[PDB]
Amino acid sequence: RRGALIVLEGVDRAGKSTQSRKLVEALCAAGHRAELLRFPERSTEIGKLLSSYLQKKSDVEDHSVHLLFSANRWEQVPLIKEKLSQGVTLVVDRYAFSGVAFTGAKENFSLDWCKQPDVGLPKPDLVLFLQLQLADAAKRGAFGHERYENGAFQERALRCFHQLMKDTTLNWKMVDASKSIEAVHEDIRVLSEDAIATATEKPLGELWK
């Protein structure tokens, strides 16, 4: 019976990476086959160009870089489909919603244009959005030095995330990411176990189509 495709999204410092790793751990301890994936996936050739751009070691024209982030996803599709088909649940730290939110926060990029490259990807069974006080999120240390890590940019991407949340065909769940690490974890684990039990029942969908 297939695994579920579970995505964690949220603004920076909302706890996506910590909860993603802890969810895989709890799922494996509850006897599921589960694995962690992340985007961008920095180890391929595309991913290294992307990693360079984000660290500001290089600049890349905005359209091209949007397309590189989408291709980075499509190159892992064969692996995603295979693992799900084998009953492995995949927990993914960011996906195409981050792709659309971060480019669409830039001037002159329509939401529509930014979604197209990602149309057709494996459609998540569950899209968790980790909500946190952008401020009460800055009290989570301090913006890193990477591109996009500043307040104003974060605010334009959060609006984009909110447009994408009006999709009713995507199973979006909000999570209050202000609680402790263990409490966020328990909320996430329960919605994920629920999605996994239903997933083995419907075919993997296609994103935005």
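Under this definition, the rigid core comprises the largest set of C-alpha atoms superposing within 1.5 Å between the forms. Counting begins at 1, following the sequence as shown.
- Choosing between 21 to 29 and 193 to 201, the greater Cα displacement from the shown form in 6 other deposited structures of this protein, fitted by the core, goes with 193 to 201.
- Rigid core fits of the other structures in 6 other deposited structures of this protein place the C-alpha atoms of one stretch farther away on average; of 118 to 126 and 132 to 140, that stretch is 132 to 140.
- Between the stretches 133 to 141 and 75 to 83, it is 133 to 141 that shows the larger average CA temperature factor.
- Stretches compared: 42 to 50, 148 to 156. Higher mean C-alpha B-factor in the entry: 148 to 156.
- Ranking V11, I196, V24, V190 by Cα temperature factor from the entry places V11 first.
- For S64, the recorded CA temperature factor ranks within the lowest third of the chain's modelled residues.
- When the CA B factors of the chain's modelled residues are split into thirds, the value for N108 lands in the highest one.
- The PDB entry assigns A183 a C-alpha temperature factor belonging to the middle third of its chain's modelled residues.
- When the modelled residues of the chain are ordered by C-alpha B-factor, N171 sits in the middle third.
- For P203, the recorded CA temperature factor ranks within the highest third of the chain's modelled residues.
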